[PDB]
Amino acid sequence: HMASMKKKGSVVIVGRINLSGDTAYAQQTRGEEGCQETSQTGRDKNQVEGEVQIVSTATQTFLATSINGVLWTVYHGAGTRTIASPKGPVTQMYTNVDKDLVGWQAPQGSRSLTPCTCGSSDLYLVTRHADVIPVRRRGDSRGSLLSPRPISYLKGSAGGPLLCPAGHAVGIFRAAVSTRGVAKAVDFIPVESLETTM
């Protein structure tokens, strides 16, 4: 019974959302078979680039965002999992189920978003398809969608950033306020909460 008992896989970086051009676009960097292998070994020799990663477990694909040298994502996606890296699986540096937040040391080669300092309530949610969706900040951790969307559209984008007009980080997207499967607002983890965790 115990020999049959295996550990859960690592989170695996399988792509990125490229935001450093004049265009936003998703890039896949690992296909399904590579992802499965890498989840088991915890050894990812790909060179990571950029700020927003697309990540997968065996059951979910979602996003992760580097801010202040830490790659952050949602606990409801990653749980307590290690992340695959060049030298093997990396244990989380931060874990907080109550905030729905986890983080690992940012991968070598990655870059971090700068926390927002401009005070803007005009926000932009970056999805896993590299859609840039306007969100009006309404409070510490909430913003309204200018256009309603099905919740299914936003599924898989938790862990991604809310950006201010200058492209600086305001928070990490985690959940949508929905009625009858239609999202009208988003819930996010503010960057100030990440700094408190650190």
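Note that residue numbering begins at 1 and tracks the sequence as displayed.
Please compare 102-110 with 76-84 and say which has the higher mean C-alpha temperature factor in the record. Going by the record's values, the stretch with the higher mean is 102-110.
Compare the mean C-alpha B-factor of 115-123 with that of 67-75 as given in the PDB entry, and name the stretch with the higher value. Taking the mean B-factor of the alpha carbons in each, 115-123 is higher.
Practice item. In terms of CA temperature factor as recorded, identify the highest of 146, 26, 162, 52. Key: Each of 146, 26, 162, 52 was compared by C-alpha B-factor; the highest is 146.
- prompt: Which listed residue, 19, 186, 14, 11, has the largest C-alpha temperature factor in the record?
  reply: Spelled out: the listed residue with the top C-alpha B-factor is 19.
Q. Lowest, middle or highest third: where is residue 48 by Cα B-factor in its chain?
A. As the PDB entry reports it, the C-alpha B-factor of residue 48 lands in the highest third of its chain.
**Message:** Based on the deposited C-alpha B factors for this chain, I'd like to know if residue 139 is in the lowest, middle or highest third.
**Reply:** According to the entry, residue 139 has a C-alpha B-factor in the chain's highest third.
Name the third of the chain's ranked CA B-factors that contains residue 56, choosing lowest, middle or highest. Ranked within chain, residue 56 CA B lands in the lowest tercile.
Quiz item: If you rank the chain by CA B-factor, which third does residue 152 end up in: lowest, middle or highest?
Solution: Answer is highest: the recorded C-alpha B-factor places it there.
task: Pull the Cα B-factor of residue 42 out of the PDB entry and bin it into the chain's lowest, middle or highest third.
output: It belongs to the highest third of the chain when residues are ordered by C-alpha B-factor.
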